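Encoded as structure tokens, the following chain is the form deposited in one PDB entry, with no partner shown.
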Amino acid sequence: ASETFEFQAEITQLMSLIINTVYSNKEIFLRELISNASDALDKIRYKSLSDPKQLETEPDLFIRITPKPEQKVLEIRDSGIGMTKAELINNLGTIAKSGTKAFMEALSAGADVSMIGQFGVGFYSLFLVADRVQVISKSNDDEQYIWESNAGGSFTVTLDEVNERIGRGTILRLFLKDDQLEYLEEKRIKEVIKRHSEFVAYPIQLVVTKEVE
């Protein structure tokens, strides 16, 4: 059974603002999610300095992007620290985020939407290209859980009994908007990645599917 939680009011406002904005540089969402992925990998690496066993659940440290055309889904995965059930509820919704209102006010003043990451709310930039998202996470400290949101005022968290097992890490499963399907294309994904992410310490793997000739 899934559990439902209410988003902190300002986060709901931010999501409404982002999913509805006609901003032109929507591709910035990838830079933000890749940055969050890198941060998660930094955390597990750092924790492992004094607790090496933490790495054993998934020795490979990577960022992986997997387009799923049929389902019109784009997945951004990392083998970082991951999030326990409590962290998913805490970090992605119920607790007030310092930069939320600040960013919205900056936006009103004319600030570029690309500043979202500097305000600490880059995760929500995903709503620039997706109308729904499932965050699948496995922290060494908990079971695998699924957090899901459609930019509405509430989200759900469910023990994961339906997705592939993640050794450790997080998968941002984006259900792309009908007019943003270009982010399923290899060429497009490649140019966006090369553009705003040259100094990422981890390999960024793109999963490509080709018909054998």
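We number the residues from 1 along the sequence you see. If you superpose the two forms and keep the largest set of C-alpha atoms that fall within 1.5 Å, you have the rigid core.
Keep in mind that the form deposited in another entry is missing from the display, and what follows is about it.
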> Of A40, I65, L33, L176, which one's CA moves 2 Å or more between the shown form and the other one, core aligned?
Replying inline: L33
> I116: with the rigid core matched between the shown form and the other one, does its Cα shift 2 Å or more?
Replying inline: yes
> Is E105 among the residues whose Cα moves by 2 Å or more between the shown form and the other one after superposition of the rigid core?
Replying inline: yes
> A86: with the rigid core matched between the shown form and the other one, does its Cα shift 2 Å or more?
Replying inline: no
>> With a change of at least 3 Å, which way does the C-alpha separation between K101 and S154 go in the other entry: closer or farther?
In response: closer
> Do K85 and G117 move together or apart in the other entry, judged by C-alpha distance changing 3 Å or more?
Replying inline: farther
